[PDB]
Structures are given as structure tokens and as C-alpha cells.
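In C-alpha cells, one chain follows: the form deposited in one PDB entry.
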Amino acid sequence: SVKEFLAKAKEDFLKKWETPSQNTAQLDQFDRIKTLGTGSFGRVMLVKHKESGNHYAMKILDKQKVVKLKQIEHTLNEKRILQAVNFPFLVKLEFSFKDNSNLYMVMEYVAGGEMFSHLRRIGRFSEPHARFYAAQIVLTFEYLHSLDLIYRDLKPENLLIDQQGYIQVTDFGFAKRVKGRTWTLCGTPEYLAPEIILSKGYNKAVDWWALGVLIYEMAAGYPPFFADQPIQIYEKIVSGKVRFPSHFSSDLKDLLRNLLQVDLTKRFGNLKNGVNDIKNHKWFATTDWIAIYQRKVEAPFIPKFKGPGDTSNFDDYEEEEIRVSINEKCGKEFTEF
């Protein structure tokens, strides 16, 4: 059962948490092909590993800049947690290493592209389609939270679609191991829970709020709280007034009312039955939770793939040459990486 599985998962996690993998490849073993996304501290590139011929996604982070912008702890969290977790809907870290200038995280290449792209392109997902992805997130948060992990950055741009049409969660940049409350103002404006914005101190219930936002956006085509600037979004979030599209089922609106609950003693995922309040909700009544975990459910959408290195499902980004300094930068800050 659930319990069994989760206890053995914790034992494997804690072992890697306490003795993380380090230095398992080097830069010249990969041929860099194209940028898959740029980000605050570098970029993610499609690469080909020369000795196996396999394609991977290499996340590159500039060390000096991470120190300058005071994101060291978050970066070390990201790698320390990603190397230790293992779950069917979490992207797999295959290699990690650092050089004079950069940190590198080499993950499995998820070739279906961001959920974001598919969602904007098609407009919105049907409820069965949104439910198929939402179930994977419910199971993944159950797993992460059991490990005392909070994820803190759910959004369609951090969810990739694999060749089988299942989700791969990526970007553990704000993931943190904490038993109770934490205080950092971080995440993505549309997805922030009211208690984050209100600087109250907060816990893993922020991930269940974010699920509420994700399910809304998947099914509506737009987020429940939107405006042109973050502060205008924050205002609507804290009001917590939510309006639902015409086409939302009654079950869907009732689930969302319980996830997008400003009040912590009332938010689903955070009550006495914990995740089970969500799994047992009527909107998920057709959902076969074990079949999902086992990936035996037919995906509603399968990405069109044209060969292992195909990037057709990603936008184009401006390329920039990867520079590596002949002087080591920030060695001590990133010793454990």
C-alpha cells in the first residue's frame, strides 16, 4: 500500500540526501546543439552525450551571478534534492558537474515540450485532459511532501510532456526540505498562495493552492488571477474572489473552491485526511490512482516526435557561446555541488 511504498521511498531519499552524488561527467563529453529555454541564471540546452549518443537537457548556471543575486542556497537545494528523488513524474537527473565558471545539471531530455506551449496553442484542455495531468501532480506532491519537501513553483512552464504524453516536473529551483514553516518570497506571481504574499510564514499547503491555480488555468485557458503587473495579481489573490468559466463542471468548481481557499484550516490537502480529501473528491471519481502511477492510462495527447533530438515542440531562443574562465570562480560557495 501507500504507506509501505512511501516509507521505502523515504529511506532511499534520505540516503542520497545525506550523501549526494557529485562530479559524474564533464563538459567536453557533450556536444551542445540548441537552447531549449533561457533562465535567470543561464540556460537549458539540448545536448548529445558523445559516448552513449543519447540526447539530454543540460541546465547551465553561472556561478558568480548566482552568488551575486544571493541564490546560492536555492541552487544547492535544487541540485541536492533533484539528485535524491525518484518518481515517475519527476524529471531524472543523469549527471551533474561544475567547472571554473558554471554549474551543470544534465537531465533526461523531455521532448514533448512545455505544457505551457500546448495549452496556449490549443487554448484550454478538456476536463478529462486536465484531470489526467492533475492526477500526476497530486501523486507527485504526495510523494514530495512525505519527504518533507515543498516544491514551490508549479506552473505549466515547468511541466514537460514526455513521449508517452505523461508529465515530467522540472525546475526544482525553489524546492526545499523543511518540516514546518518557511518564509521566502518566491514562486511565480500567478501561482503564489495568499500566505506567501502576506509574509506570514507558510508550509506545504502552498503547493495545494498552486495545484488549484494549475487546474483552473488548464481547464479555462487563463489563470484565476491575472493582470498586467505582479502587484495587481497579488491584490486579486489575497481577495481570493474567484470567477469560473461557463463550461466548468459543478464538480470542478467545488474542487477549486476547496483548493483556492484563502483559509489554511479549510484548504484541501491541508486537512486531517491530507491528500485523500483531494483523491476522493468527486471531480476525480473516474481516476484510477494506481493506474496513473503505473502509467497504464491512455494519455489524451501525444506529442509529435520526429527523432530523438527533435526540438520542434520548443520555441527558438538566441544562442550564446558557453564561456569557461581560466580562473575558478566561487569555488567555496559551491563546494558541495
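Counting begins at 1, following the sequence as shown. So that the term is clear: the rigid core is the largest set of C-alpha atoms that superpose within 1.5 Å between two forms.
Among other deposited entries of this protein with both flanking residues present, none omit coordinates for residue 274; it is modelled throughout, well short of a third. Figure legend: residue 315 is marked as unmodelled in at least a third of the other comparable entries of the protein.
Comparing the deposited coordinates for 111-119 and 175-183, the stretch with the larger average C-alpha B-factor is 175-183. The PDB entry records a higher mean C-alpha B factor for 229-237 than for its counterpart among 163-171 and 229-237.
Ranking 158, 188, 101, 246 by the C-alpha B-factor listed in the PDB entry places 246 at the top.
Comparing the C-alpha B-factors of 281, 63, 48, 70 in the entry, the top value falls on 281.
In this PDB entry, the Cα temperature factor of residue 140 sits in the bottom third of its chain's modelled residues, the lowest group. Ranked by Cα temperature factor within the chain, residue 262 sits in the highest third according to the deposited record.
Sorting the modelled residues of the chain by their CA temperature factor places residue 131 in the lowest third.
When the CA B factors of the chain's modelled residues are split into thirds, the value for residue 27 lands in the middle one. Remark: residue 74 belongs to the lowest third of its chain, ranked by C-alpha B-factor as recorded.
The same protein also exists as the form deposited in another entry; that form is not shown, yet it is the one meant from here on.
The residue among 198, 122, 72, 186 whose Cα moves by 2 angstroms or more between the shown form and the other one, once the core is superposed, is 72. Once the cores line up, the CA of residue 274 ends up less than 2 angstroms apart between the shown form and the other one. Taking 2 Å as the criterion, residue 298 does not count as shifted between the shown form and the other one: its C-alpha moves by less than this amount when the rigid core is aligned.
With the core held fixed between the shown form and the other one, residue 41 has its Cα displaced by at least 2 Å.
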